[PDB]
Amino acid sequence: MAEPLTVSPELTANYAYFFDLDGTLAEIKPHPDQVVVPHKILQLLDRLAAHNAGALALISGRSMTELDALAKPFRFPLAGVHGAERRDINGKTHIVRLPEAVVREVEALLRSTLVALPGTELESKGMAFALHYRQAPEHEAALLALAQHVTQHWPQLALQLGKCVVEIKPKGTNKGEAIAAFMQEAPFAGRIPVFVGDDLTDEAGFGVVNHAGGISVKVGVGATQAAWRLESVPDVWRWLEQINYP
């Protein structure tokens, strides 16, 4: 249904760019700390943002600190934890805050329930919890069910499944509303949104980008509502390089 992306926009057009990180700008790794965005890709992203009035943001499930570590030394506008954290063009940060008791109780519950599922990792993000199972995919069901119970008992929380992960996020947080928040602010406002992603959390973004008359690009295999598809992360790199130097 999605058609292959074989054209690259002009460098100085009227576009606003949104990129996912893991699986879109950097190749998937067995461990999150092994992920690297090549320095030339970061330079190309900086040049694209510069020629489009700075209207380029990184929309990711990572925390903003890890996004800063990955994009160092560059400091882009950011949306982390699927939108629960954001940083606009002026550097102002917006953080969704959960009650302290909810965070404490949910963290304790997950830590205790994790013992009977070896190889799974619990990553606490302040206002979210990621359950990784790449080292032991057989627990994928269990974690899922477990998360489904948490969201049942704490209505403040919603589910976000993803590649080798089950995340529990604040309800109402999604990449679509993060892109929406960016698109009503300068310098993104007035430009055509472009969003490149690869996972389920990105579909929301795709939706809001399609309704706005923008360009949605899916990376990798799988069904999608994005209008365009790129085969792999190196193809995203080639696409970016073609934008910068046709």
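One rule holds for the numbers: they count along the sequence shown, beginning at 1.
Participant: Given the B-factors recorded for C-alpha atoms, which segment has the greater mean, 29 to 37 or 208 to 216?
Facilitator: Higher mean C-alpha B-factor in the PDB entry: 29 to 37.
Participant: Higher mean Cα B-factor in the deposited model: 78 to 86 or 145 to 153?
Facilitator: That would be 145 to 153.
Participant: Would the CA B-factor of residue 201 place it in the lowest, middle or highest third of its chain?
Facilitator: It falls in the bottom third of the chain.
Participant: Hey, what third does residue 234 fall into on Cα B-factor, ranked over its chain?
Facilitator: Answer is middle: the recorded C-alpha B-factor places it there.
Participant: Split into thirds by Cα B-factor across the chain's modelled residues, where does residue 176 land: lowest, middle or highest?
Facilitator: Answer is lowest: the recorded C-alpha B-factor places it there.
Participant: When the modelled residues of the chain are sorted by Cα temperature factor, does residue 16 land in the lowest, middle or highest third?
Facilitator: Lowest third of the chain for residue 16's C-alpha B-factor.
Participant: Determine, from the deposited record, the chain-internal third of the Cα B-factor for residue 101: lowest, middle or highest.
Facilitator: For residue 101, the deposited C-alpha B-factor lands in the highest third.
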